[PDB]
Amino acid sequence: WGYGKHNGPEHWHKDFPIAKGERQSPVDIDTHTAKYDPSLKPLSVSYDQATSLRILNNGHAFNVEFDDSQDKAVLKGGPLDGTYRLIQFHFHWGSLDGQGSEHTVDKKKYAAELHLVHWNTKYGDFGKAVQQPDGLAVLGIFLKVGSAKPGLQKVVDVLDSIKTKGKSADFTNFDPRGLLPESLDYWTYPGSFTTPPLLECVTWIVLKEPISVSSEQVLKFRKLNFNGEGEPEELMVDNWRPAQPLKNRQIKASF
C-alpha cells in the first residue's frame, strides 16, 4: 500500500475492507456541528518522564519511538478512561504548504499533522490494545508554516541520517513537550488508524491550536524518501489519507 496513484488511499479497500467501515479516520471537523460537551474533562499529558529511543524511516513516515515498558509518558483525562502510554509519534505532511494534515477543520487543510500514539495500559501490550474499541488514543496536532518551532529542530537535524526506507538512528533524550501548543482545548470523536491496517480502535483527540513551524523545518521533511537505498528516488511527500464519512458519529468539543 502507499500513497501513489496505483497503491494510494482509494485502493486500500481491496486489501483492507475495513477502509469502508463505520468509524474510519480522518474526518472533517465541522466546527458548527460539533457539540460542546461540558462533562468532558481537561486532558492530562504527563510527559516529564519520557524516554525516546530511536527515529526510523519506515517507508511511509518517520517515527520517533519511546520506551513504553513503564508509565513514563502518559495521557489520561479528557474523554479517556484509564491511562494510555506513549509509544511513538510521526507526522503526515504535504508537497506544498496548503495540504498535509489528515484532519481538516471546516475543510481547511494544514501543512502537516503530528500524531502522538498512545495505547490503553489495561490491555497489557500494544498488540492487545489493537483488539479493543478503546485500545488507542492518538493526540493530533496541526502544524502551520510560520516561525520555527525550536523544539522540533533536533528531529529536523537527524533526518538526513534516516533518508531512505529501513534506516534508523538512536534518538535518546528528546522531550516531546516541546511540540505541544499552549492550549489543550480539543475535539474528540471515535475513529481508526489512518494507515493500513485501518483498525477502529482509536479515540481521537485533535487539538484546537496549531503549532507553527518554519518553511525550512517542513522542507527538511520533504527531502525524505519512500524508497529504500539504491532504489529510484520517490520523495516522501503527501503521505496523508483524505477525510472519510463521519457516518453518524458526533464530534464533541471541550470548549
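Residue indices: 1-based, along the sequence shown.
Chemist: Pick between 7-15 and 238-246: the one whose mean CA B-factor in the entry is higher.
Modeler: Here the higher of the two C-alpha B-factor means belongs to 7-15.
Chemist: With respect to the recorded C-alpha B factors, which stretch has the higher mean value, 178-186 or 112-120?
Modeler: Going by the record's values, the stretch with the higher mean is 178-186.
Chemist: Which one of 195, 57, 51, 217 shows the top CA temperature factor in the record?
Modeler: In this record, 51 carries the highest C-alpha B-factor of the candidates.
Chemist: Given 90, 154, 103, 128, identify the residue with the highest C-alpha B factor in the PDB entry.
Modeler: The record points to 154.
Chemist: For residue 226, does the deposited CA B-factor place it in the lowest, middle or highest third of the chain?
Modeler: It belongs to the middle third of the chain when residues are ordered by C-alpha B-factor.
Chemist: Per the entry's values, where does residue 78 land by CA temperature factor relative to the rest of its chain, in the lowest, middle or highest third?
Modeler: Middle third.
Chemist: Could you tell me which third, lowest, middle or highest, the C-alpha B-factor of residue 140 occupies within its chain?
Modeler: Lowest third - that is where residue 140 ends up once the chain's C-alpha B-factors are sorted.
Chemist: Could you say whether, by C-alpha temperature factor, residue 209 belongs to the lowest, middle or highest third of its chain?
Modeler: For residue 209, whose C-alpha B-factor we compare with every modelled residue in the chain, the answer is the middle third.
Chemist: Is the Cα B-factor recorded for residue 200 in the lowest, middle or highest third of its chain?
Modeler: Its C-alpha B-factor, which the entry lists for residue 200, ranks in the lowest third among residues of this chain.
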